[PDB]
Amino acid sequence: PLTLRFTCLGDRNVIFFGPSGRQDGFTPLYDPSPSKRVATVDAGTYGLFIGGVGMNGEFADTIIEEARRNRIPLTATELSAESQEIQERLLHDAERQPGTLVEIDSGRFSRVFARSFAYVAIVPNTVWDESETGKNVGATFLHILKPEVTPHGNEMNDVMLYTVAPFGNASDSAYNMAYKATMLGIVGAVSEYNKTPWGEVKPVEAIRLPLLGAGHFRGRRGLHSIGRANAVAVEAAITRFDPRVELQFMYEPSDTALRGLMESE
């Protein structure tokens, strides 16, 4: 865990994982024995469902394995549908009221989610043209996981986030604006959540971020430009909310989450 204090983030300690004992080197979504409640961010898709491949595929696999371990019938198709319907409705309310943490008690009708939230810092398809970025970009959700689907059966791994990153082929104008909107949403949701009663009890105290839009949403875009877009976004979000939480950046071979912020440094 490479810890570096960043002056442009107002003297905040940011973590940067190196490679791991994997063929891919990816950081694990959640730790086996964490000291903090770490909410990992799902690199979501336009369909707003949990599944598919990449990092979105990991979340599904992890949730389902833990579900089957606790002898809860949960298939990939059920998780995809149940998560899409929820995040579809929460998106509707979030867009009705930008900059406000909407909510539904998913626990009443869910084997997976105890409680689900959403937050939209900027209405999709206003500041940018979604024809360039894809739809529902910037949207962000926060789910509290029921104990039976909680990674490694650990009470602290009971929070996740889900966001949709801009497609790389978007204009630098549209891309950077979508990326900051995306980051404001993540930090905003956690900020606003920690102010809720559930936040007092189960406060998020760190955020595990992948390099958003650096996988299948990269297209023809260069990883440097993404490191910039990410660096600028974090600066604004930190300046916006002045958050107490700790940012953690997962590992990918190019290490551009760090290089970009070093440029911002």
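Sequential numbering from 1, following the sequence displayed.
Higher average CA B factor: 65-73, of the stretches 65-73 and 43-51. Relative to its counterpart among 22-30 and 218-226, 22-30 has the higher mean temperature factor, C-alpha atoms as listed in the PDB entry. Ranking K180, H143, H92, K146 by the C-alpha B-factor listed in the PDB entry places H92 at the top. When the C-alpha B-factors of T163, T126, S80, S116 are ranked from the entry, the top spot goes to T126. Among all modelled residues in its chain, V201 ranks in the highest third by Cα B-factor. Residue-level temperature factors show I122 in the highest third of its chain, judged at the C-alpha atom. Looking at the C-alpha B-factors along this chain, the one for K36 belongs to the highest third.
Sort the chain's modelled residues by C-alpha temperature factor and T100 lands in the lowest third, per the entry. In the PDB entry, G168 places in the highest third of its chain by CA B-factor.
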